[PDB]
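Before any questions on how it binds or moves, here is one chain, the form deposited in one PDB entry, in structure tokens.
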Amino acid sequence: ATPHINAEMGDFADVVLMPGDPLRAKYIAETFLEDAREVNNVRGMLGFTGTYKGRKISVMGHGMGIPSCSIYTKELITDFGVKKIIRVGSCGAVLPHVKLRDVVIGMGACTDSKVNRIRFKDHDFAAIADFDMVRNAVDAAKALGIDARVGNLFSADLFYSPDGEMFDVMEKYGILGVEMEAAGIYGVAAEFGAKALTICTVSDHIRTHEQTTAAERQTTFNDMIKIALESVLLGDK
């Protein structure tokens, strides 16, 4: 057991899906996993392990922010033998051509956090996803008739930033979505030699936004999880 995960080696699959909202974890276990069993409850961060098409898979939330998700991904990798981490969340878009409910894959993750500089002697570390995981997600989405956009994400430390001009800079450089964990997970994966990928759905447009229905949201959410799970099987082949 670790400080935040009361479990033992073997309890988690070597692949873990991680949503931000802790509540989505049991939903994924009930909706997509077979023979699921609870493997964690510390701090209410519910963890599960079951199978998908025979493949062993685990799901557990990471909390909002780089610091929070850095704790969980690190422990999973160093103490539970986890080899692949797939974050499945949501993000806000700054590009006009990026629409609500679009599925985005973060091959890279920009950030305003200082965690990677602290790791990389104050130089620029390109926090990137595992290439094969990226291509797997892309191929899985096409199979499900969904066109995923691949590019850069931006991991913000402040959901409510004091300076809104940064959003224009993000748009100018092609940022596909604004979220809060990707850069942290990518840093952890590199530090402890594991693989990671972040998949997000556009939940809002940080500017001229619109609206979606609850039915629309679950459909998109279930689409993202399907893509993630099928990408794992592709990776296995």
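Quick note: we count residues from 1 along the sequence shown, nothing fancier. Only residues modelled in both forms are compared. We call the rigid core whatever largest set of C-alpha positions still superposes within 1.5 Å between the two forms.
What comes next is about the form deposited in another entry, which is not displayed.
Taking 2 Å as the criterion, residue 217 counts as shifted between this form and the one not shown: its C-alpha moves by at least this amount when the rigid core is aligned.
The pair residue 90 and residue 216 is tighter in that other deposited form: their Cα-Cα distance falls by no less than 3 Å compared with this form. Cα-Cα spacing of residue 211 to residue 160 is reduced in that other deposited form versus the present form (difference of at least 3 Å). At a threshold of 2 Å in C-alpha displacement, with the core superposed and only residues shared by both forms counted, 208 to 220 is the one segment of at least 3 consecutive residues that shifts between this form and the one not shown.
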